[PDB]
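To start, the structure under review is shown below, and the notes come after it.
Protein chains: 2
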Amino acid sequence: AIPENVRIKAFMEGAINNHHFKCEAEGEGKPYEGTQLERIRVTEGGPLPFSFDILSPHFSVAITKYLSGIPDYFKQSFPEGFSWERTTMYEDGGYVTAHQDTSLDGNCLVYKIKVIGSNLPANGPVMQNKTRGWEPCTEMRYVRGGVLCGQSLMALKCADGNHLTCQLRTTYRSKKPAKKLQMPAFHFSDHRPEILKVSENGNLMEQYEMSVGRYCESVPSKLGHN
Amino acid sequence: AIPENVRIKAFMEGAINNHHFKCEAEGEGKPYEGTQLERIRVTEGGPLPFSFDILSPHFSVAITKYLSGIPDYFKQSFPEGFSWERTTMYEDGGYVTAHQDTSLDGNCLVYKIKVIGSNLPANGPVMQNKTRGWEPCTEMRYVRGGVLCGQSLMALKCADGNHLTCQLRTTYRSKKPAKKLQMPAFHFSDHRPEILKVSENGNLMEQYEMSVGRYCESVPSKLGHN
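If you read the sequences in order, they're chains A and B.
Going by the authors' numbering, the letters in the first sequence line up with residues 3 to 61, 65 to 231, in that order.
Going by the authors' numbering, the letters in the second sequence line up with residues 3 to 61, 65 to 231, in that order.
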């Protein structure tokens, strides 16, 4: 009860260091193959005076290839849908909070996103546009207080060859009650967001992502643990 | 120039919430298979009034199966060796600092470890000794300041079914000069430390680990990145 191919519509509203903007996205994904493409236009407040990379991971967790029979908390949540709240702390003091709602309308995923960022250094790589996109990352996921939690570390490539790192904490909340859901055991999700193309003078980004839900298979347990 | 079969000698000393302890370990590893085993004896401050799990990840990064031809910063550093410094911040306020010196004598690796932990909640899982070992984890590794940096998030299982999480930051420092080293690109390492057995009335822990160095292979790049 999510189709194997869907449309995506997203609407973002936010502020980074008090610079307000809006975006709208139109795209498509394959929820069970874990692949998706979004064409994201900054409709208000652009071209942005800061790196678009900081917005990228706020623009799709129902689209994930879940391996090893791990229960899919997101796909299970339809038709009701879900939401999430995230906090991102950058190692240089940048601090980004976000809230998102996800619903499904026929074959269209609809996302509403609020992002507020503060305390980004004025002369850091984000405010100066010196960043070159994200490394892939792995997010840990586990159940806490009856909902799903995630955390990950991410690394942003910089022009000079450094990485700028951050820590993400997400609470995912199904709009179904807990007793209607099969909850997963502790596991991981890998993510790989990439900007494929920038046009309209920085106002139109084509962004691809793939994500995979799995246990750790590289290192087997001697105790039969996942 | 590190043998396929090595002995491990490790010596750890420190205090957690002002509870002094000391440990000696004897063990063995296969540096290219990424597998190892330490038999860890608590020789002072036993029986530990806190969970031994918080010590576990401080007891071996020369032992890693490196895939995809990634340059091995640690195996390259012999015969000179290397050291590391780490900080671990637990989500409940617990805070642990550590430093370590690693040398190779014949086929014997020798570790000297200093570990200091403070601000651990008195009624938290660690000090109540109510943890059940670590989930496997994924560390990101990248170059900074001419040395190697690592970061990870780890998750401790608790008796009540919850997880207590923490963030690690590690600076790894070769004793070879940089111009003698082939530096790796951004990559990951998976680690899985497990307690296989406990004996001598709780003063002897047998601890197994496997580590794998790698890129993210589950989510292919569309831009030809690793």
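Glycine included, each C-beta is placed from N, C-alpha and C at the ideal position.
Judged by beta-carbon spacing, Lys70(A) lies within the 8 Å limit of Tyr34(A), meaning their Cβ atoms are closer than that value. The DSSP-derived three-state label of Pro198(A) is strand. Counting only the Cα atoms, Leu57(A) lies some 13 Å from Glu211(A). Taking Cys171(B) as reference, the option from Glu26(B), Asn20(B), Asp55(B) and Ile42(B) with the minimal CA-CA separation is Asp55(B). Under the DSSP assignment, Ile4(A) falls outside any beta strand (DSSP E); it carries neither an H nor an E label. Scanning the stretch 17-60 of chain B from its first residue to its last, no whole alpha helix (DSSP H) run of 4-plus residues comes out.
In the structure shown, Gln187(A) falls within a coil segment according to DSSP collapsed to helix, strand and coil.
Judged by DSSP secondary structure, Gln105(B) falls within the beta strand (DSSP E) whose first and last residues are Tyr100 to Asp110.
Rounded to the nearest angstrom, the Cβ distance from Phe52(B) to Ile18(B) is 5 Å, consistent with a contact under 8 Å.
By the Cβ-count criterion, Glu214(B) is buried, with 16 or more other Cβ atoms from all chains shown falling within 10 Å of its own Cβ. Excluding sequence positions up to five before and after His21(B), its CB lies within less than 8 Å of the CB of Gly47, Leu50, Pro51 and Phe52, all in the same chain and listed in chain order. Under DSSP, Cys142(B) takes part in a beta bridge, and its partners are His196(B).
Contacts with chain B at 8 Å (Cβ-Cβ) do not include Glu6(A).
Interface annotation for the stretch 158-192 of chain B against chain A: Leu158, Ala160, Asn167, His168, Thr170, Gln172 and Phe191, criterion Cβ-Cβ distance under 7 Å.
Listed along chain B are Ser226, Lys227, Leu228 and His230, each with a C-beta nearer than 8 Å to that of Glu199(A). A check of alpha carbon separations from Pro141(B) across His168(B), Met14(B) and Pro130(B) identifies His168(B) as the nearest.
The beta carbons of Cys154(B) and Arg137(B) sit no closer together than 8 Å. Sixteen is the threshold: when 16 or more other Cβ atoms of the shown chains lie within 10 Å of the Cβ of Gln156(A), as they do, the residue is buried. Boundaries of the beta strand (DSSP E) harbouring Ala160(A): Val152 to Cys163, taken from the DSSP string.
Residue burial is scored here from C-beta neighbours: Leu201(A) has fewer than 16 other C-beta atoms within 10 angstroms and is therefore classed as exposed.
Each of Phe87(A), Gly129(A), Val120(A) and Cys113(A) was checked against the Cα of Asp97(A), and the nearest Cα belongs to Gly129(A).
A direct Cα-Cα distance of roughly 17 Å separates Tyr116(A) from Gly36(A). Annotation: the continuous beta strand (DSSP E) that includes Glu214(B) extends over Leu209 to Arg219. Looking at the DSSP output, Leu125(A) shares a beta bridge with no other residue. Interface with chain A (8 Å Cβ-Cβ cutoff): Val44(B) is excluded.
Distances from the alpha-carbon of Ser194(B) to those of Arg146(B), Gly16(B), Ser179(B) and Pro182(B) put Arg146(B) closest.
For a Cβ distance threshold of 7 Å, residue set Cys221 and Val224 of chain A lies close to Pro141(B), ordered along the chain. About 5 Å separates the Cβ atoms of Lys119(A) and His104(A), confirming a contact at the 8 Å cut-off. Taken residue by residue, none of the stretch 90-102 of chain A has a beta-carbon sitting less than 8 Å from a beta-carbon on chain B. Taken through DSSP and simplified to helix, strand or coil, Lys80(A) comes out as helix.
A direct Cα-Cα distance of roughly 12 Å separates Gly229(A) from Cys221(A). Against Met132(B), chain A offers no close residue; the least beta-carbon distance is about 21 Å (beta-carbon pairs closer than 9 Å). Secondary-structure assignment with DSSP links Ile118(A) through a beta bridge to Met14(A) and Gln105(A). Distance from the Cα of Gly86(B) is smallest, within the candidate group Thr92(B), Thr175(B) and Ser65(B), for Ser65(B). Collapsing the DSSP output to three states places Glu90(A) in a strand. Bridge partners of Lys70(A) according to DSSP: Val217(A).
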